[PDB]
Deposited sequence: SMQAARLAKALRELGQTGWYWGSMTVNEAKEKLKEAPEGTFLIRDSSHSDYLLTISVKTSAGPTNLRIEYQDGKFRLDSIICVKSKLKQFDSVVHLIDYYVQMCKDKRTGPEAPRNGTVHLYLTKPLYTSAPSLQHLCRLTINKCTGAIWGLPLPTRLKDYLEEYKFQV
C-alpha cells in the first residue's frame, strides 16, 4: 500500500514549510542556491518518476541534489546511492529533513537553513520558535486549539 492518507498528511506538512518549491527544475534550483551559504537547502519535485521529491542543497563545490523516495508509506533518501540497510525511514518528509538538519548540528549530506519561497504566517514562525525550545506541547500554557495547531507541524525547520 502507498498509504495515501499518510501521504496526504505528509504533503500537507510540506505545504506548510514555506520552503517547498513545487515544479522547480534542477537548473532553477542551482541558480537559486549558487551563492547561498553552505548547507542552504530547499525541497522541490523530482524530474524522475521513481522519486517523489528532491533536496537541493549548496555544498562547498556548488549546488547538489539528493532524491527522496516514497515507498510503502515511508520516505527515505535515495536507496540507489545510499546503503538501503543504513537508511532511516520516515512517515513524514518534513520530519526526514528535520532529522538530518538536527543531526548536522551535532558526497556527504550537510543541511543548515531552508531557502523560503514566501514569508510564513506569524503563527507558523511562532510554532517554529516554540518547537526549537521544546517538544512538550502537551504541557504548555496554551489553549487546546493552539496545542492542536502546534501538533500539526512539530518540526524545528
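Enquirer: Going by C-alpha coordinates, which parts of the deposited sequence are missing from this model?
Expert: Going by the record, the one segment left unmodelled (no C-alpha atoms) falls at 107 to 118.
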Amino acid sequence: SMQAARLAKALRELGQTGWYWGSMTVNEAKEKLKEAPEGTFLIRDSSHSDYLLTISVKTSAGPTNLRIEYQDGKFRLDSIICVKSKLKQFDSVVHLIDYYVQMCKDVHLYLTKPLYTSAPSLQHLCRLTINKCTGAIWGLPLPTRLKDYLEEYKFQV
From here on, numbers count along this sequence of modelled residues.
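Rigid core: the largest C-alpha set superposing within 1.5 Å between the two forms.
Enquirer: Overlaying the structures in 6 other deposited structures of this protein on the rigid core, point out which of 108 to 116 and 35 to 43 has the bigger RMS C-alpha shift.
Expert: Greater root mean square C-alpha distance in 6 other deposited structures of this protein: 108 to 116.
Enquirer: Between 19 to 27 and 138 to 146, which one shows the bigger average Cα displacement from this form in 6 other deposited structures of this protein once the rigid core is aligned?
Expert: After superposing on the rigid core, the more displaced stretch in 6 other deposited structures of this protein is 138 to 146.
Enquirer: Between 133 to 141 and 14 to 22, which has the higher average C-alpha B-factor in the PDB entry?
Expert: Comparing 133 to 141 with 14 to 22, the higher mean C-alpha B-factor belongs to 133 to 141.
Enquirer: Look over 84 to 92 and 30 to 38 in the entry and identify the one with the greater average Cα temperature factor.
Expert: Higher of the two, by average CA B-factor, is 84 to 92.
Enquirer: Out of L122, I43, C104, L128, which one has a C-alpha B factor higher than all the others in the entry?
Expert: By C-alpha B-factor in the record, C104 ranks first.
Enquirer: Rank-wise, by C-alpha B-factor, drop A4 into the lowest, middle or highest third of its chain.
Expert: Middle third.
Enquirer: Looking at the entry's B-factor column for C-alpha atoms only, identify whether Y116 ranks in the lowest, middle or highest third of its chain.
Expert: It belongs to the lowest third of the chain when residues are ordered by C-alpha B-factor.
Enquirer: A61: which third of its chain by C-alpha temperature factor?
Expert: As the PDB entry reports it, the C-alpha B-factor of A61 lands in the highest third of its chain.
Enquirer: Split into thirds by Cα B-factor across the chain's modelled residues, where does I55 land: lowest, middle or highest?
Expert: Lowest third of the chain for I55's C-alpha B-factor.
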